[PDB]
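In the block that follows, a single chain appears as structure tokens, in the form deposited in one PDB entry.
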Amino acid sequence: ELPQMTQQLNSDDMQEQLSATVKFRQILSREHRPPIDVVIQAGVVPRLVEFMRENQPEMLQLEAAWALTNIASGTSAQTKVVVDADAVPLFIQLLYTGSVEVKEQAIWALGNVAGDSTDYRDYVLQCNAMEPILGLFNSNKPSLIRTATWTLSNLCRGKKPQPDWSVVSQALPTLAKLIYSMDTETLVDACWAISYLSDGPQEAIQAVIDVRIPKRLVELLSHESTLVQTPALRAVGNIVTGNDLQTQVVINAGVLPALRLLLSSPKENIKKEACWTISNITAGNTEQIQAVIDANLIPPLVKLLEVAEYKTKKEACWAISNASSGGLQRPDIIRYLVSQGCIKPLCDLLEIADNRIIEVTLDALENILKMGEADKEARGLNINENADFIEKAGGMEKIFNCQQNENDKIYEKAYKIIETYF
């Protein structure tokens, strides 16, 4: 009954317009396969957009926006029909004028448009959606907040290219409050948004720090649900990607005891992200490496370096190798790493690993060796103890076998250590 539905929609009678719009909303809201393409064929999308103009009755606005929400929920080609019909500035208007119902429907539509592509994401922001969107969070209706946070998250989302920072950074105070929510769905989505915004240069990380988000992030690391832990950990990880001062904020927020638990996670991505996070802290200064050591994080890292799945194992390698570079400033770091049995798993890694990891592992081994030589002069001795361990663990041959590597950086390094310590 599409041609008669369409005729009803073009009627000048308001009551018939509403009836038709409801009918369209219903078939686009049905359980199985909505006929989005067929509805577009009817050419009713421009008309549906007309029903969102400011002097239309609220109910017509609501129903029309719902229909346009679902048309925009399909393929990019179908979302394009909605966008090309200039629906988006009208969606944004409704965020101001509408009832809570209309607001929630309009922010839903905007979410679908934004989630389609980086171009459409950016288009929504160019239409100045951020201001009325932020306004929605002064509401106390859970479902409006929930939906809006999802839309806000879609706006923050993406890297190729990232969105306008001058715009999305305005949502940070809202997001800071939103991660205190008791609504799990709102929580999850706000953490995701924050994880997106925290992936960037010094100024982005600082902005996230300045609204005191890190403290709450570290708290959420011990949330019951991995749906919360994952994006929270991703954001936390992103922050310690920053300079030593910014990383210290996260440490002071108690991230280290929190990471201790995450190292045991059944969710491999959490284990891996935890190792990655730690590696960026052991990439910090000597006190920050020391802090990782004091937190008793090295034995779980060494076990993971030993037996975890390769991707996770790689990250553990970085954390331990990075920690070893603090050995020049204080030798006790190397002493401790070696007593925790890091040498054999480092050496064993030299075979199966890719060139990037090989270089990192060689660096780690050379740090262990440098300290070991210095610990001969410093206490009159004939043999480098760490060179012995490496030989006993079979690493000597494995380092030697690295000389047959296509990569010149790896070769020179493997050669230099073979001839200096062996």
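One-based numbering along the sequence shown. For clarity, a rigid core is taken as the largest C-alpha set superposing within 1.5 Å between two forms.
Unshown form deposited in another entry; subsequent notes refer to it.
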2 Å or more on the CA of residue 16 between this form and the one not shown, with the rigid core superposed, yes or no?
yes
After fitting the core, residue 395 CA displacement of 2 Å or more between this form and the one not shown
no
On a rigid core superposition, would residue 356 pass a 2 Å threshold for CA movement between this form and the one not shown?
no
